[PDB]
Amino acid sequence: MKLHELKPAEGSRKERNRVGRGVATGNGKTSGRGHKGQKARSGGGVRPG
Amino acid sequence: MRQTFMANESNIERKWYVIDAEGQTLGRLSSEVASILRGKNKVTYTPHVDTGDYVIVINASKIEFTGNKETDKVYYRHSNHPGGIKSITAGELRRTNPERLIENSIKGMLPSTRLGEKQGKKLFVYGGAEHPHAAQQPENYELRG
Amino acid sequence: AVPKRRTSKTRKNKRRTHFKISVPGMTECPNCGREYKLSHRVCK
Amino acid sequence: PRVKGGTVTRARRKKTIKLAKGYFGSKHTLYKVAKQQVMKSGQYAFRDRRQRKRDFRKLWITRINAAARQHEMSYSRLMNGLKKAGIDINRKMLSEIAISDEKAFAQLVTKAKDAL
Amino acid sequence: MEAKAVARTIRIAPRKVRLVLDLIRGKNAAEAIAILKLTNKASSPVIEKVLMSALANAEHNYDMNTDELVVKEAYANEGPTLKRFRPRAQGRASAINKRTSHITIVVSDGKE
Amino acid sequence: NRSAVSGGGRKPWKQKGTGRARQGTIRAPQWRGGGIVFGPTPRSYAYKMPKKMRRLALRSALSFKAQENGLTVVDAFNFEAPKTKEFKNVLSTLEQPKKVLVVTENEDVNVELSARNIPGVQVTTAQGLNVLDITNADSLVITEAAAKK
Amino acid sequence: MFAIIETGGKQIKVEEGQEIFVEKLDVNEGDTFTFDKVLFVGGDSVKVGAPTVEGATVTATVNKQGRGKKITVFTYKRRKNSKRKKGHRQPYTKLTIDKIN
RNA sequence: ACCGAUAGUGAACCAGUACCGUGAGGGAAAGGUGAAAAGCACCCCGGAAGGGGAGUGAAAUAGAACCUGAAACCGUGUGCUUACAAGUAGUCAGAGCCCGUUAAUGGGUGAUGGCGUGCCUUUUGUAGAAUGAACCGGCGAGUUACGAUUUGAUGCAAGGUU
RNA sequence: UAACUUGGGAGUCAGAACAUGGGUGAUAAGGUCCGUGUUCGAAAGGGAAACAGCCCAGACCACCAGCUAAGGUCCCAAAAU
RNA sequence: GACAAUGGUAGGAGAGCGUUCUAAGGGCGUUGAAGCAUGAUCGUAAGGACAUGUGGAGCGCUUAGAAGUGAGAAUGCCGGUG
Ligand SMILES: [Mg+2]
Ligand SMILES: [Mg+2]
Ligand SMILES: [Mg+2]
Ligand SMILES: [Mg+2]
Ligand SMILES: [Mg+2]
Ligand SMILES: [Mg+2]
Ligand SMILES: [Mg+2]
Ligand SMILES: [Mg+2]
Ligand SMILES: [Mg+2]
Ligand SMILES: [Mg+2]
Ligand SMILES: [Mg+2]
Ligand SMILES: [Mg+2]
Ligand SMILES: [Mg+2]
Ligand SMILES: [Mg+2]
Ligand SMILES: [Mg+2]
Ligand SMILES: [Mg+2]
Ligand SMILES: [Mg+2]
Ligand SMILES: [Mg+2]
Ligand SMILES: [Mg+2]
Ligand SMILES: [Mg+2]
Ligand SMILES: [Mg+2]
Ligand SMILES: [Mg+2]
Ligand SMILES: [Mg+2]
Ligand SMILES: [Mg+2]
Ligand SMILES: [Mg+2]
Ligand SMILES: [Mg+2]
Ligand SMILES: [Mg+2]
Ligand SMILES: [Mg+2]
Ligand SMILES: [Mg+2]
Ligand SMILES: [Mg+2]
Ligand SMILES: [Mg+2]
Ligand SMILES: [Mg+2]
Ligand SMILES: [Mg+2]
Ligand SMILES: [Mg+2]
Ligand SMILES: [Mg+2]
Ligand SMILES: [Mg+2]
Ligand SMILES: [Mg+2]
Ligand SMILES: [Mg+2]
Ligand SMILES: [Mg+2]
Ligand SMILES: [Mg+2]
Ligand SMILES: [Mg+2]
Ligand SMILES: [Mg+2]
Ligand SMILES: [Mg+2]
Ligand SMILES: [Mg+2]
Ligand SMILES: [Mn+2]
Ligand SMILES: [Mn+2]
Ligand SMILES: [Mn+2]
Ligand SMILES: [Mn+2]
Ligand SMILES: [Mn+2]
Ligand SMILES: [Mn+2]
Ligand SMILES: [Mn+2]
Ligand SMILES: [Mn+2]
Ligand SMILES: [Mn+2]
Ligand SMILES: [Mn+2]
Ligand SMILES: [Mn+2]
Ligand SMILES: [Mn+2]
Ligand SMILES: [Mn+2]
Ligand SMILES: [Mn+2]
Ligand SMILES: [Mn+2]
Ligand SMILES: [Mn+2]
Ligand SMILES: [Mn+2]
Ligand SMILES: [Mn+2]
Ligand SMILES: [Mn+2]
Ligand SMILES: [Mn+2]
Ligand SMILES: [Mn+2]
Ligand SMILES: [Mn+2]
Ligand SMILES: [Mn+2]
Ligand SMILES: [Mn+2]
Ligand SMILES: [Mn+2]
Ligand SMILES: [Mn+2]
Ligand SMILES: [Mn+2]
Ligand SMILES: [Mn+2]
Ligand SMILES: [Mn+2]
Ligand SMILES: [Mn+2]
Ligand SMILES: [Mn+2]
Ligand SMILES: [Mn+2]
Ligand SMILES: [Mn+2]
Ligand SMILES: [Mn+2]
Ligand SMILES: [Mn+2]
Ligand SMILES: [Mn+2]
Ligand SMILES: [Mn+2]
Ligand SMILES: [Mn+2]
Ligand SMILES: [Mn+2]
Ligand SMILES: [Mn+2]
Ligand SMILES: [Mn+2]
Ligand SMILES: [Mn+2]
Ligand SMILES: [Mn+2]
Ligand SMILES: [Mn+2]
Ligand SMILES: [Mn+2]
Ligand SMILES: [Mn+2]
Ligand SMILES: [Mn+2]
Ligand SMILES: [Mn+2]
Ligand SMILES: [Mn+2]
Ligand SMILES: [Mn+2]
Ligand SMILES: [Mn+2]
């Protein structure tokens, strides 16, 4: 390992999903639609009605 | 674009033809004349230019109909003035000035395009048996099928 | 009543084809080297 | 760190706008309009690439039909007669032969009227 | 060679200056001088002064034959626009453009 | 932060009847000079690794130096030098760590020398060990690293 | 003289001396090539084959092996969120004919 | 492994200031000649403003509204083209005229023919006469901390770990 | 040629027409409420003048190649006066 | 060399392009950097070069690291200009 040739273990790492950046990507509504996919997202943590 | 042919002003010479209308049905003559005019029939046909020939129609007056002549088949026309559908002359119209009856019929078989409108200018219907246009020495053309 | 769509560069230009002062009627002035409007006075 | 936005995108939009060349006025100037016009331009180009293949087939068919009509035979029967004789030579070829060599096309015509 | 002079930042609107300029363009120096003198628009004295100066430094700086000259080209370009406003009814105020123009004139002769 | 920006939290204009868009603060994120959404905030950037791994790494570093070259020397001397460059009478390449038994001063004041660095050995980075090019544990220090295994 | 060869997906009217272009032949550049499949010949004396004229072949020098100018297959579906842009250069041979039959 | 003049303090500039309110209070915009002011003597047009010479300068096509100088937008010159034609502006076909390239089955214009009701949102369904955008520019939205969980990688392993 | 099991991540809970078996309505509705099927949604292409839901039929990309489907073959307009 | 598969909204999954900063390595640059402008250039895409002009300092490449990482729409904010 020569410091200008570092290589992570195959399978050690992979890129985070950046949603909301384009359309070809596949997130632009980002996820869901029309519902409780507001910033609150208040599915009250575990319950129905 | 591998080698198919398209005619232009160089190439595409066009002849004159005389067609007696006497003894003919209106549509049956009008359609075939529309073909001579659009310029099919010849194999140097190509859509974006006038490949068509010139057609004089002699004896417009002797053109023939069927079921109902002066009866039934009306020729309507609005003037874009309100209620003014001054839309009369029955298909009878050949009594009055028939060269329009034929030229209109044949024109209705031509495409609405500027080219189609140029192609229509090559018709020359005449109700009488003689034509002025001998100088462009026309041939007679027997009306096929 | 207000415009419903904007005039194009080109529309507005066709509109202004008649909008121009034309060359004044002028003539060879007093033999004094001047230049004056037609039918109007020489000035000294 | 902070990525100041500048100068990737003035050069993107520059590309798309350069794509809109012969376009009328604002369609060849602004990015939005040019983007629309080029997208649709591509969509039309995709349909029209398919349909062109139709337009040319139909052209040859009309001219062939013409060459046949000159010989008192319909295109409809000249094709069946060629197939029956197994001539298997396409319409672009047939039309161009009709235009370049009336004699040879005549030979084909008789070959088709034969075997009927 | 063929000479030029500019009147930068003049307080006339270019849309207006261009009106007279269009009369002047391509005319012989005397005609253009006349037309400038007799035209009733406001830009006329200004463009007069500019065609004049262009002719002057055409003579002193290039020893040009002041008779044989033509107005090779002439035009106005947008200058900086000072921005004002007028008060209107119900306390609102509205924009106003005090526009300015870079007039340019170029006298010439036998080009080569 | 938007709470942070110096401006006020008065509503820029009424919710309806303007034909302007609804607005809440002149310091809202879509505004010029408004609050920043989700920018950098101060934070640690630092983490733990299992100890055995770290030893395995140091070991791996040095063993990588032996796959190449990490040469061994007698020991140290005096008080101030540009003769250390002359002590590259041994070939000793360009990037340089001199490992020493236990905080040798003086040798440590042979520094402003471009590409060279020294530590103890109880120290001994898993980094300087790699930029490295060529290490030299003196000899005492080499057996020290051996004892620390 | 006049000859019709069934080579690509398609037929060609080669004229002896004439440059042509067809889908790539997987043969050497500069090499000579010959088409086994020929339908028709013309000029004075005319052979008109069934499937093929029973013997004749057109011949040609290979001039170049290359790829056509890129076209840009961009398509999209309005209001539905998709679009798709692919590129395309189509490979071809450029034979030059010599000696029909 | 913070900002680099719409950023970073509201304030890189004599900012809590112009300006706004009876008042508490609110609260901006605005950085860059050059290495050196060597900041254009002098002549010419002009009342001046401005400009052409002549000069300083590597450069003023660096001249003070001064580094670079994009786009919208405004103008001058024109090669091809257009005054019987019904047009979401293009696309496919194509003569004609003009030109000559990162030289490759080239570039510009376009008589004429075919095909063809922008985008976004939102909808069962929008050319839609449903919403949104005058244009161009910059700025403008899944982040971080801590926990839980699961997968991937690595180390030890009846032990692992601080 | 799939099926099930456990685990990670979801979206969806406004539906539309047509054919058919029905309720409701007036054997009214482009009505409404269920059962079965198809298409649209989320599907471009050819036919039905135009015409989401009908008919043929599911576009990896290129061709100035060929056979067909539903529809069609006097002219507009490819193909039988 | 065969032979299959490759319409698609919410959505799941995968491979990648590019921007800033860091590290190490290796390079260009007043014989002219970035930026800008034009071009008929290249790759399957995001995109990458090359030449000439402008400009007058700073920049790329490779491997990996990290993010204020990508805009056309919010009657979005500011500026300019129709
Ligand atoms: Mg609860
Ligand atoms: Mg081609
Ligand atoms: Mg070709
Ligand atoms: Mg009446
Ligand atoms: Mg009446
Ligand atoms: Mg009346
Ligand atoms: Mg019409
Ligand atoms: Mg018959
Ligand atoms: Mg005007
Ligand atoms: Mg054009
Ligand atoms: Mg595009
Ligand atoms: Mg189309
Ligand atoms: Mg205004
Ligand atoms: Mg708080
Ligand atoms: Mg020291
Ligand atoms: Mg293309
Ligand atoms: Mg500030
Ligand atoms: Mg008050
Ligand atoms: Mg000077
Ligand atoms: Mg100057
Ligand atoms: Mg300025
Ligand atoms: Mg400009
Ligand atoms: Mg002209
Ligand atoms: Mg003009
Ligand atoms: Mg067209
Ligand atoms: Mg051309
Ligand atoms: Mg057609
Ligand atoms: Mg609605
Ligand atoms: Mg429901
Ligand atoms: Mg319901
Ligand atoms: Mg029923
Ligand atoms: Mg019912
Ligand atoms: Mg219903
Ligand atoms: Mg549809
Ligand atoms: Mg229906
Ligand atoms: Mg039609
Ligand atoms: Mg019959
Ligand atoms: Mg370079
Ligand atoms: Mg470029
Ligand atoms: Mg340009
Ligand atoms: Mg770069
Ligand atoms: Mg990089
Ligand atoms: Mg990285
Ligand atoms: Mg906006
Ligand atoms: Mn990814
Ligand atoms: Mn999706
Ligand atoms: Mn809903
Ligand atoms: Mn939404
Ligand atoms: Mn939801
Ligand atoms: Mn909230
Ligand atoms: Mn004008
Ligand atoms: Mn920075
Ligand atoms: Mn008042
Ligand atoms: Mn606050
Ligand atoms: Mn409050
Ligand atoms: Mn408004
Ligand atoms: Mn701030
Ligand atoms: Mn700046
Ligand atoms: Mn006051
Ligand atoms: Mn300074
Ligand atoms: Mn004076
Ligand atoms: Mn002065
Ligand atoms: Mn000098
Ligand atoms: Mn500088
Ligand atoms: Mn400047
Ligand atoms: Mn007319
Ligand atoms: Mn005309
Ligand atoms: Mn219409
Ligand atoms: Mn073309
Ligand atoms: Mn149409
Ligand atoms: Mn969007
Ligand atoms: Mn509705
Ligand atoms: Mn709308
Ligand atoms: Mn409307
Ligand atoms: Mn709404
Ligand atoms: Mn609006
Ligand atoms: Mn904008
Ligand atoms: Mn979240
Ligand atoms: Mn339910
Ligand atoms: Mn019903
Ligand atoms: Mn049902
Ligand atoms: Mn939906
Ligand atoms: Mn119908
Ligand atoms: Mn249709
Ligand atoms: Mn068939
Ligand atoms: Mn059938
Ligand atoms: Mn037909
Ligand atoms: Mn797919
Ligand atoms: Mn498929
Ligand atoms: Mn995903
Ligand atoms: Mn930079
Ligand atoms: Mn350059
Ligand atoms: Mn470089
Ligand atoms: Mn990287
Ligand atoms: Mn951002």
# chains A, B, ... in the order shown; residues from 1 in each chain; ligands from 1
call {"tool": "residues_near_ligand", "arguments": {"ligand": "ligand 83", "cutoff": "8 Å", "atoms": "only C-alpha atoms (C1' of nucleotides) and all ligand atoms", "output": "count of residues only"}}
result
4
call {"tool": "interface_residues", "arguments": {"of": "chain F", "to": "chain H", "cutoff": "10 Å", "atoms": "only C-alpha atoms (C1' of nucleotides)", "output": "ChimeraX atom specification"}}
result
/F:5-8,10,28-34,36-44,49-54,56
call {"tool": "closest_residue", "arguments": {"among": "D:79, D:54, D:108, D:16", "to": "residue 36 of chain D", "atoms": "only C-alpha atoms"}}
result
D:16
call {"tool": "residues_near_ligand", "arguments": {"ligand": "ligand 93", "cutoff": "12 Å", "atoms": "only C-alpha atoms (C1' of nucleotides) and all ligand atoms", "output": "PyMOL selection string"}}
result
chain J and resi 26-29+33-34+49+58-61
call {"tool": "residues_near_ligand", "arguments": {"ligand": "ligand 59", "cutoff": "12 Å", "atoms": "only C-alpha atoms (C1' of nucleotides) and all ligand atoms", "output": "ChimeraX atom specification"}}
result
/H:18-23
call {"tool": "residues_around", "arguments": {"residues": "segment 2-19 of chain G", "least_positions_apart": "2", "cutoff": "9 Å", "atoms": "only C-alpha atoms (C1' of nucleotides)", "output": "number ranges by chain"}}
result
B: 2-3; D: 89-90, 92-93, 96-97; G: 21-24, 35-43, 52, 57-60, 63, 94-101; I: 63, 65-66
call {"tool": "atom_distance", "arguments": {"atom1": "atom CA of residue 41 of chain A", "atom2": "atom CA of residue 35 of chain F"}}
result
23.1 Å
call {"tool": "interface_residues", "arguments": {"of": "chain D", "to": "chain C", "cutoff": "12 Å", "atoms": "only C-alpha atoms", "output": "list in words"}}
result
residues 24, 25, 26, 27 and 29 of chain D
call {"tool": "interface_residues", "arguments": {"of": "chain G", "to": "chain I", "cutoff": "12 Å", "atoms": "only C-alpha atoms (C1' of nucleotides)", "output": "VMD selection string"}}
result
chain G and resid 6 to 12 21 to 23 67 to 82 84 to 92
call {"tool": "select_by_dssp", "arguments": {"residues": "segment 62-102 of chain E", "states": "strand (DSSP E or B)", "output": "number ranges by chain"}}
result
E: 70-78, 82-87, 93-98, 101-102
call {"tool": "residues_near_ligand", "arguments": {"ligand": "ligand 94", "cutoff": "10 Å", "atoms": "only C-alpha atoms (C1' of nucleotides) and all ligand atoms", "output": "PDB file with N, CA, C and O atoms (P, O5', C5', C4', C3', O3' and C1' of nucleotides), in the first residue's frame"}}
result
ATOM      1  P     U J  63      -7.444   6.265 -11.661  1.00  0.00           P
ATOM      2  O5'   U J  63      -7.139   6.020 -10.122  1.00  0.00           O
ATOM      3  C5'   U J  63      -6.455   4.853  -9.705  1.00  0.00           C
ATOM      4  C4'   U J  63      -6.089   4.940  -8.250  1.00  0.00           C
ATOM      5  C3'   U J  63      -7.222   5.281  -7.309  1.00  0.00           C
ATOM      6  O3'   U J  63      -8.062   4.181  -7.018  1.00  0.00           O
ATOM      7  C1'   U J  63      -5.329   6.580  -6.767  1.00  0.00           C
ATOM      8  P     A J  64      -9.632   4.430  -6.763  1.00  0.00           P
ATOM      9  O5'   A J  64      -9.699   5.031  -5.287  1.00  0.00           O
ATOM     10  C5'   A J  64      -9.259   4.282  -4.166  1.00  0.00           C
ATOM     11  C4'   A J  64      -8.848   5.185  -3.031  1.00  0.00           C
ATOM     12  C3'   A J  64      -9.922   6.065  -2.425  1.00  0.00           C
ATOM     13  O3'   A J  64     -10.778   5.378  -1.537  1.00  0.00           O
ATOM     14  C1'   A J  64      -7.941   7.314  -2.722  1.00  0.00           C
ATOM     15  P     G J  65     -12.240   5.966  -1.237  1.00  0.00           P
ATOM     16  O5'   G J  65     -11.963   7.242  -0.324  1.00  0.00           O
ATOM     17  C5'   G J  65     -11.417   7.101   0.976  1.00  0.00           C
ATOM     18  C4'   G J  65     -11.148   8.438   1.615  1.00  0.00           C
ATOM     19  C3'   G J  65     -12.354   9.327   1.813  1.00  0.00           C
ATOM     20  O3'   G J  65     -13.106   8.967   2.948  1.00  0.00           O
ATOM     21  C1'   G J  65     -10.556  10.598   0.955  1.00  0.00           C
ATOM     22  P     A J  66     -14.704   8.818   2.840  1.00  0.00           P
ATOM     23  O5'   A J  66     -15.241  10.319   2.942  1.00  0.00           O
ATOM     24  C5'   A J  66     -14.897  11.117   4.060  1.00  0.00           C
ATOM     25  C4'   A J  66     -14.894  12.588   3.733  1.00  0.00           C
ATOM     26  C3'   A J  66     -16.244  13.241   3.493  1.00  0.00           C
ATOM     27  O3'   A J  66     -16.877  13.537   4.721  1.00  0.00           O
ATOM     28  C1'   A J  66     -14.580  14.081   1.980  1.00  0.00           C
TER      29        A J  66
END
call {"tool": "interface_residues", "arguments": {"of": "chain D", "to": "chain B", "cutoff": "7 Å", "atoms": "only C-alpha atoms", "output": "list in words"}}
result
residues 63, 64, 66, 67, 69, 92, 96 and 99 of chain D
call {"tool": "residues_near_ligand", "arguments": {"ligand": "ligand 80", "cutoff": "9 Å", "atoms": "only C-alpha atoms (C1' of nucleotides) and all ligand atoms", "output": "list in words"}}
result
residues 29, 30, 31 and 32 of chain I
call {"tool": "select_by_dssp", "arguments": {"residues": "segment 1-65 of chain B", "states": "helix (DSSP H, G or I)", "output": "ChimeraX atom specification"}}
result
/B:26-38,60-62
call {"tool": "write_last_selection", "arguments": {"atoms": "N, CA, C and O atoms", "output": "PDB file, in the first residue's frame"}}
result
ATOM      1  N   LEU B  26     -68.979  12.185 -64.817  1.00  0.00           N
ATOM      2  CA  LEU B  26     -68.203  13.256 -64.180  1.00  0.00           C
ATOM      3  C   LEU B  26     -67.022  12.767 -63.331  1.00  0.00           C
ATOM      4  O   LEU B  26     -65.881  13.147 -63.575  1.00  0.00           O
ATOM      5  N   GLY B  27     -67.287  11.887 -62.374  1.00  0.00           N
ATOM      6  CA  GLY B  27     -66.231  11.408 -61.505  1.00  0.00           C
ATOM      7  C   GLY B  27     -65.223  10.525 -62.207  1.00  0.00           C
ATOM      8  O   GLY B  27     -64.030  10.572 -61.916  1.00  0.00           O
ATOM      9  N   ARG B  28     -65.700   9.713 -63.138  1.00  0.00           N
ATOM     10  CA  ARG B  28     -64.831   8.764 -63.811  1.00  0.00           C
ATOM     11  C   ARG B  28     -63.803   9.473 -64.677  1.00  0.00           C
ATOM     12  O   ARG B  28     -62.716   8.947 -64.904  1.00  0.00           O
ATOM     13  N   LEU B  29     -64.160  10.654 -65.182  1.00  0.00           N
ATOM     14  CA  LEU B  29     -63.231  11.450 -65.972  1.00  0.00           C
ATOM     15  C   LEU B  29     -62.377  12.302 -65.044  1.00  0.00           C
ATOM     16  O   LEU B  29     -61.167  12.493 -65.259  1.00  0.00           O
ATOM     17  N   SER B  30     -63.028  12.812 -64.005  1.00  0.00           N
ATOM     18  CA  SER B  30     -62.370  13.703 -63.079  1.00  0.00           C
ATOM     19  C   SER B  30     -61.233  13.028 -62.336  1.00  0.00           C
ATOM     20  O   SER B  30     -60.186  13.639 -62.101  1.00  0.00           O
ATOM     21  N   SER B  31     -61.412  11.758 -61.996  1.00  0.00           N
ATOM     22  CA  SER B  31     -60.386  11.074 -61.228  1.00  0.00           C
ATOM     23  C   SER B  31     -59.180  10.764 -62.109  1.00  0.00           C
ATOM     24  O   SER B  31     -58.028  10.998 -61.712  1.00  0.00           O
ATOM     25  N   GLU B  32     -59.436  10.267 -63.313  1.00  0.00           N
ATOM     26  CA  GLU B  32     -58.339   9.916 -64.191  1.00  0.00           C
ATOM     27  C   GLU B  32     -57.565  11.150 -64.606  1.00  0.00           C
ATOM     28  O   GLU B  32     -56.334  11.121 -64.734  1.00  0.00           O
ATOM     29  N   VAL B  33     -58.287  12.247 -64.792  1.00  0.00           N
ATOM     30  CA  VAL B  33     -57.627  13.515 -65.097  1.00  0.00           C
ATOM     31  C   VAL B  33     -56.810  14.030 -63.913  1.00  0.00           C
ATOM     32  O   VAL B  33     -55.724  14.599 -64.082  1.00  0.00           O
ATOM     33  N   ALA B  34     -57.307  13.787 -62.709  1.00  0.00           N
ATOM     34  CA  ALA B  34     -56.534  14.152 -61.540  1.00  0.00           C
ATOM     35  C   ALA B  34     -55.227  13.353 -61.502  1.00  0.00           C
ATOM     36  O   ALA B  34     -54.194  13.875 -61.088  1.00  0.00           O
ATOM     37  N   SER B  35     -55.258  12.103 -61.959  1.00  0.00           N
ATOM     38  CA  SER B  35     -54.020  11.318 -62.038  1.00  0.00           C
ATOM     39  C   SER B  35     -53.060  11.828 -63.095  1.00  0.00           C
ATOM     40  O   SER B  35     -51.861  11.869 -62.867  1.00  0.00           O
ATOM     41  N   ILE B  36     -53.584  12.225 -64.250  1.00  0.00           N
ATOM     42  CA  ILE B  36     -52.705  12.751 -65.291  1.00  0.00           C
ATOM     43  C   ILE B  36     -52.052  14.011 -64.764  1.00  0.00           C
ATOM     44  O   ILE B  36     -50.890  14.293 -65.043  1.00  0.00           O
ATOM     45  N   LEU B  37     -52.812  14.749 -63.971  1.00  0.00           N
ATOM     46  CA  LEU B  37     -52.379  16.046 -63.498  1.00  0.00           C
ATOM     47  C   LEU B  37     -51.353  15.980 -62.367  1.00  0.00           C
ATOM     48  O   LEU B  37     -50.398  16.770 -62.341  1.00  0.00           O
ATOM     49  N   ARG B  38     -51.572  15.058 -61.427  1.00  0.00           N
ATOM     50  CA  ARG B  38     -50.644  14.839 -60.316  1.00  0.00           C
ATOM     51  C   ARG B  38     -49.346  14.274 -60.866  1.00  0.00           C
ATOM     52  O   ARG B  38     -48.276  14.448 -60.279  1.00  0.00           O
ATOM     53  N   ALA B  60     -66.914  20.355 -72.343  1.00  0.00           N
ATOM     54  CA  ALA B  60     -67.328  20.215 -70.957  1.00  0.00           C
ATOM     55  C   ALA B  60     -68.825  20.052 -70.929  1.00  0.00           C
ATOM     56  O   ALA B  60     -69.370  19.352 -70.077  1.00  0.00           O
ATOM     57  N   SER B  61     -69.475  20.671 -71.901  1.00  0.00           N
ATOM     58  CA  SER B  61     -70.914  20.705 -71.914  1.00  0.00           C
ATOM     59  C   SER B  61     -71.568  19.320 -72.042  1.00  0.00           C
ATOM     60  O   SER B  61     -72.684  19.111 -71.561  1.00  0.00           O
ATOM     61  N   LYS B  62     -70.873  18.370 -72.663  1.00  0.00           N
ATOM     62  CA  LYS B  62     -71.441  17.038 -72.896  1.00  0.00           C
ATOM     63  C   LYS B  62     -71.123  16.008 -71.803  1.00  0.00           C
ATOM     64  O   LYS B  62     -71.363  14.813 -71.979  1.00  0.00           O
TER      65      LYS B  62
END
call {"tool": "residues_near_ligand", "arguments": {"ligand": "ligand 68", "cutoff": "12 Å", "atoms": "only C-alpha atoms (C1' of nucleotides) and all ligand atoms", "output": "list in words"}}
result
residues 112 of chain B; 86, 87 and 117 of chain H; 50 of chain I
call {"tool": "closest_residue", "arguments": {"among": "I:39, I:12, I:80, I:64", "to": "chain B", "atoms": "only C-alpha atoms (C1' of nucleotides)"}}
result
I:64
call {"tool": "interface_residues", "arguments": {"of": "chain C", "to": "chain H", "cutoff": "12 Å", "atoms": "only C-alpha atoms (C1' of nucleotides)", "output": "list in words"}}
result
residues 3, 4, 5, 6, 7, 8 and 9 of chain C
call {"tool": "write_last_selection", "arguments": {"atoms": "C-alpha atoms", "output": "short mmCIF file (atom, residue, chain, number, x, y, z; two decimals), in the first residue's frame"}}
result
data_model
loop_
_atom_site.label_atom_id
_atom_site.label_comp_id
_atom_site.auth_asym_id
_atom_site.auth_seq_id
_atom_site.Cartn_x
_atom_site.Cartn_y
_atom_site.Cartn_z
CA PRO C 3 -51.14 42.10 -24.08
CA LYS C 4 -51.84 38.39 -23.80
CA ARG C 5 -48.50 37.22 -25.11
CA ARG C 6 -45.34 39.29 -25.72
CA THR C 7 -44.44 40.83 -29.10
CA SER C 8 -41.55 38.96 -30.78
CA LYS C 9 -38.40 40.79 -31.84
#
call {"tool": "residues_near_ligand", "arguments": {"ligand": "ligand 52", "cutoff": "10 Å", "atoms": "only C-alpha atoms (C1' of nucleotides) and all ligand atoms", "output": "PyMOL selection string"}}
result
(chain D and resi 1-4) or (chain H and resi 2-4+7) or (chain J and resi 20-21)
call {"tool": "residues_around", "arguments": {"residues": "segment 41-48 of chain H", "least_positions_apart": "2", "cutoff": "9 Å", "atoms": "only C-alpha atoms (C1' of nucleotides)", "output": "PyMOL selection string"}}
result
(chain E and resi 49-50+52-57+59-61) or (chain H and resi 50-55)
call {"tool": "decode", "arguments": {"residues": "segment 6-16 of chain C", "atoms": "N, CA and C atoms", "output": "PDB file, in the first residue's frame"}}
result
ATOM      1  N   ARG C   6     -46.312  38.253 -25.332  1.00  0.00           N
ATOM      2  CA  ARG C   6     -45.336  39.290 -25.715  1.00  0.00           C
ATOM      3  C   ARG C   6     -45.069  39.406 -27.228  1.00  0.00           C
ATOM      4  N   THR C   7     -44.821  40.623 -27.702  1.00  0.00           N
ATOM      5  CA  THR C   7     -44.435  40.835 -29.098  1.00  0.00           C
ATOM      6  C   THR C   7     -43.075  40.231 -29.347  1.00  0.00           C
ATOM      7  N   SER C   8     -42.880  39.537 -30.470  1.00  0.00           N
ATOM      8  CA  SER C   8     -41.551  38.959 -30.776  1.00  0.00           C
ATOM      9  C   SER C   8     -40.594  40.032 -31.248  1.00  0.00           C
ATOM     10  N   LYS C   9     -39.298  39.755 -31.318  1.00  0.00           N
ATOM     11  CA  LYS C   9     -38.402  40.790 -31.837  1.00  0.00           C
ATOM     12  C   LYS C   9     -38.926  41.109 -33.222  1.00  0.00           C
ATOM     13  N   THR C  10     -39.284  40.039 -33.915  1.00  0.00           N
ATOM     14  CA  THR C  10     -39.587  40.130 -35.315  1.00  0.00           C
ATOM     15  C   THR C  10     -40.952  40.771 -35.578  1.00  0.00           C
ATOM     16  N   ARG C  11     -41.916  40.523 -34.709  1.00  0.00           N
ATOM     17  CA  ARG C  11     -43.221  41.139 -34.902  1.00  0.00           C
ATOM     18  C   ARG C  11     -43.085  42.642 -34.796  1.00  0.00           C
ATOM     19  N   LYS C  12     -42.498  43.065 -33.691  1.00  0.00           N
ATOM     20  CA  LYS C  12     -42.314  44.465 -33.388  1.00  0.00           C
ATOM     21  C   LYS C  12     -41.519  45.135 -34.498  1.00  0.00           C
ATOM     22  N   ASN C  13     -40.577  44.422 -35.087  1.00  0.00           N
ATOM     23  CA  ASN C  13     -39.908  45.033 -36.217  1.00  0.00           C
ATOM     24  C   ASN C  13     -40.737  45.188 -37.491  1.00  0.00           C
ATOM     25  N   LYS C  14     -41.579  44.212 -37.798  1.00  0.00           N
ATOM     26  CA  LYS C  14     -42.441  44.395 -38.950  1.00  0.00           C
ATOM     27  C   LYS C  14     -43.344  45.597 -38.645  1.00  0.00           C
ATOM     28  N   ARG C  15     -43.692  45.771 -37.375  1.00  0.00           N
ATOM     29  CA  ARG C  15     -44.577  46.871 -37.032  1.00  0.00           C
ATOM     30  C   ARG C  15     -43.959  48.219 -37.339  1.00  0.00           C
ATOM     31  N   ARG C  16     -42.647  48.322 -37.246  1.00  0.00           N
ATOM     32  CA  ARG C  16     -42.031  49.633 -37.336  1.00  0.00           C
ATOM     33  C   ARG C  16     -41.493  49.929 -38.703  1.00  0.00           C
TER      34      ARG C  16
END
